[PDB]
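Take a look at this single chain, the form deposited in one PDB entry, given in C-alpha cells.
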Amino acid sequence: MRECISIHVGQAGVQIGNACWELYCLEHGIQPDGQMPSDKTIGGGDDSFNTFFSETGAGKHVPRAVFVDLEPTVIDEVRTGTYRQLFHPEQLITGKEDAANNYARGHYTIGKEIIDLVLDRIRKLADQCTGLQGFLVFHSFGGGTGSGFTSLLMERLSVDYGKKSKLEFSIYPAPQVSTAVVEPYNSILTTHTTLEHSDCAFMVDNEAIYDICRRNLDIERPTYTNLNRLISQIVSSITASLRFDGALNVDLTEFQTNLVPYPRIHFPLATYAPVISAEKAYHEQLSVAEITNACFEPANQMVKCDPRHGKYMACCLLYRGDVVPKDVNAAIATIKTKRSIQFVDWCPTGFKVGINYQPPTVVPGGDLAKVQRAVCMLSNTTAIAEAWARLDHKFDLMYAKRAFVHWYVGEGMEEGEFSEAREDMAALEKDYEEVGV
C-alpha cells in the first residue's frame, strides 16, 4: 500500500472534506456504512483505493482521514450525518473555542492546546500504514483555524515526518462569501510560515467557484453546499491518480516532479471542464477537442488570473471517461498552434497526459449534469502571481495603518511577524517576475 492521510482543518476544510469523501465513496462503490460488495478481498488488500481507505475484518472501508476544528459545530455534523459510521470516531477532533478569525489564536494560543493530541491521533493512523506517502491538507486561508492551526500543524509534521510529502488544498478568500475583514492578514501569515513545509498547493479561489456556479449552473445565490460539491469534484479529478491505476501523478512525489520545478513557486492553477447544469440532462456531447480547449478559457479556472499574460512552466491534462488518446493528441496539437500559450525557455514545452476511462461520477443531489468525458488541467504558470498580488495589496492597505494588528499581538504573536511575512510574499512576487520574461 502507499497510503495517503487526508487532514481537514477548520470549517471550510472539514465541510469540503466531507463532500470529497462522499464522492470518493460513490466512485469506489463504497456504501455509507463502509461496506463495498464489489471487493473480493476478505478484510484487507493492496488495491489502489487502499491508499485512501483502510480495511477492517468486517469488510468496513475506513477513510484515512482526520477532521480537526477548534469548535464542534461543524464536526458535530459529520458525527451525525449520512457518513456518521464511515470515519474513525477518534479521528474527529474538536475543541470548544475557535480562533475567532485570528491567525495568532489558531497558531499560538488556542491551537496549541490541542496540537499534541492531533499529532498523536495522526501517528496512530500512520502506524497502520505499510508505506505512508504523506498528507493532503484541506483548510481555508481566512479562518483562524484554517490559517493558524494549519500552519502550526505543517511545521510539526515536517519535524516528525521529514521524509513524507505534504499537499495543500487552500480556499482563497472572496468578498462574496467572506466572513471577516482580516482574511488578507491570515492568508499572508499562513502562506509565509507554511511555504517551506508544503511541496505543492492547489489554491481554490472562492470567487471563481462562485462565478462558475452562477454562470454555468444558473444558481442565483450559491451556498457553501453548492460550492463544495463543485470543489469536491475538482479535488477528485486531482486525487483520482492516487486512488486508481494510471500513468500520471501516481504518487505524491510525482506531483512535485510534474508541477513544481522550484520549491517556492509551487501553486499550480487548476482548470476544469465541462461544468453543465443538471437541468440540461440531454445536453449534446462535447468532444475531446472542445473540453480541452475549454481548459484555456479563464471562465473555467479555479483561480482568477490571466494565463495568456503569463508563461507556463508545466502542464498536465487529466481526462476522465470516453477519451480516445489519438483525439487528445490532436486536440493538444491545435493547442500548440495558438501563440498565446507561451512556455518558459528552460522547460520541455509539452503536455503530460493521463486518462482514467471511468465516466466521471457526480453526486445524486448535486447541480452538475452527468457527462461522458471531463478533464482537469493542472498548469504551473506565472499568471497566478496576480492572485497573490490582490491579497498583498489588501494587506498593505490595512497594515499601513496597523488596523486589527492589536488582536494578533494580544494572542501570542510578535508584530514583526507581519512585515517578515509580507517580505516573504514580496520575494515570492519577484520570484514569479524573474521566471517570467
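Between two forms, the rigid core is the largest collection of C-alphas that superpose within 1.5 Å. Residue numbers run from 1 along the displayed sequence. Shifts are known only where both forms have a C-alpha.
Taking the mean C-alpha B-factor of each stretch as recorded, 331-339 and 149-157 are not equal, and the higher mean is that of 331-339. Between the stretches 44-52 and 382-390, it is 44-52 that shows the larger average CA temperature factor. When the C-alpha B factors of 344, 137, 302, 305 are read from the deposited coordinates, the top value falls at 344. In this entry, the residue among 143, 268, 222, 325 with the greatest C-alpha B factor is 222. Among the modelled residues of its chain, residue 205 has a C-alpha B-factor that falls in the lowest third, as given in the PDB entry. The deposited CA B-factor of residue 413 belongs to the highest third of values across its chain. Among the modelled residues of the chain, residue 420 sits in the highest third by CA temperature factor in this PDB entry. Split the chain's modelled residues into thirds by C-alpha temperature factor. Residue 241 is in the lowest one. Placement of the Cα temperature factor of residue 66 within the chain: lowest third of the modelled residues, per the deposited record.
Just so you know, the form deposited in another entry exists too; it's not on screen, but the next bit is about it.
Just one of the listed positions, 109, 253, 85, 128, moves its Cα by at least 2 Å between this form and the one not shown when the rigid core is held fixed, and it is 253. Taking 2 Å as the criterion, residue 279 counts as shifted between this form and the one not shown: its C-alpha moves by at least this amount when the rigid core is aligned.
Relative to this form, the distance between the C-alpha atoms of residue 371 and residue 252 is reduced by at least 3 angstroms in the other form.
Relative to the shown form, the Cα atoms of residue 327 and residue 249 move together by 3 Å or more in the other form. After superposition on the rigid core, stretches of three or more consecutive residues whose Cα atoms move by at least 2 Å between this form and the one not shown are found at 246-256, 278-281.
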